[PDB]
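Student: Quick one: this structure, given as structure tokens, is what I'll be asking you about.
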Amino acid sequence: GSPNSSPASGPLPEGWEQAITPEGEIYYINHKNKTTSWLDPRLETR
């Protein structure tokens, strides 16, 4: 969905980038206050 279909249904807004910890566990990074959280992705779907 290059044009948008994909980076629009599961994008990563500035302040929420997905990555992996040195341990290898997958988690989300909050650059807003430099903190680590395991809460569902940005959009998720509350």
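Letters A, B, ... mark the chains of the structure tokens in the order given; residue numbers begin at 1 per chain; ligand numbers begin at 1, in order shown.
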Go through chain A and collect every residue that DSSP, computed from the backbone, puts in strand (DSSP E or B); the answer should be as a ChimeraX atom specification.
Tutor: /A:17-20,26-30,35-37
Student: Tell me, as an MDAnalysis selection string, which residues lie within 7 Å of segment 7-20 of chain A, counting only C-alpha atoms; anything in the same chain fewer than 2 positions away does not count.
Tutor: chainID A and resid 1:2 4:5 22 24:32 42:43
